[PDB]
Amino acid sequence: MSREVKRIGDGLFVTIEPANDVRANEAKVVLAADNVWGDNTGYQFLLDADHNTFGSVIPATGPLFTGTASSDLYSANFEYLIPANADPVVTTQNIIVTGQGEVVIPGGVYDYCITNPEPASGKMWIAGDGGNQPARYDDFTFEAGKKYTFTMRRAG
């Protein structure tokens, strides 16, 4: 259900700071990664402002999809994305491999998941839950005036 090597997968480590560079009704989300799996595989952050995708478009367990996806899997369901041109393709380069990408979003309620495309296995995996925050989430509140940094690392 999760990508793992030697029973060691990956995970999400969240940091929140005051955001002082956005509007009063805005939050900032950052996705940071540093070649976590050593193979130039990366990550995408998917945000649904309608928070109605958990359990249907975002599966409660297992990868987001395998193999081929409908070309509108993101454009129909997720309003905000990191990177901004993130697309539902396992082979895409529209991923955060090293460094970070960001998105400024309304304060509000969201469903989200973080993906880790792996061409070698044909899976658009959702990242593991071995960090301090689940990598998929139903009705998370991103509060205005705050900056959420989601840092990806290897985890149990």
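From 1 onward, residues are counted along the sequence shown.
J.: Return the residue from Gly122, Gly130, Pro88, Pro106 that has the highest Cα B-factor in the entry.
T.: In this record, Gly130 carries the highest C-alpha B-factor of the candidates.
J.: Determine which member of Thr66, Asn94, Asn40, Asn116 has the highest CA B-factor, using the values in the deposited entry.
T.: Going by the entry's C-alpha B-factors, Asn40 comes out highest.
J.: Lowest, middle or highest third of the chain for the C-alpha temperature factor of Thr98?
T.: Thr98: CA B-factor falls in the highest third of its chain.
J.: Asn35: which third of its chain by C-alpha temperature factor?
T.: Answer is highest: the recorded C-alpha B-factor places it there.
J.: Is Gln44 in the lowest, middle or highest third of its chain when residues are ranked by C-alpha B-factor?
T.: Lowest third of the chain for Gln44's C-alpha B-factor.
J.: With respect to C-alpha B-factor, does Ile82 fall in the lowest, middle or highest third of the chain as deposited?
T.: Lowest third of the chain for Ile82's C-alpha B-factor.
J.: For the chain shown, is the CA B-factor of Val29 in the lowest, middle or highest third of its modelled residues?
T.: For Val29, whose C-alpha B-factor we compare with every modelled residue in the chain, the answer is the lowest third.
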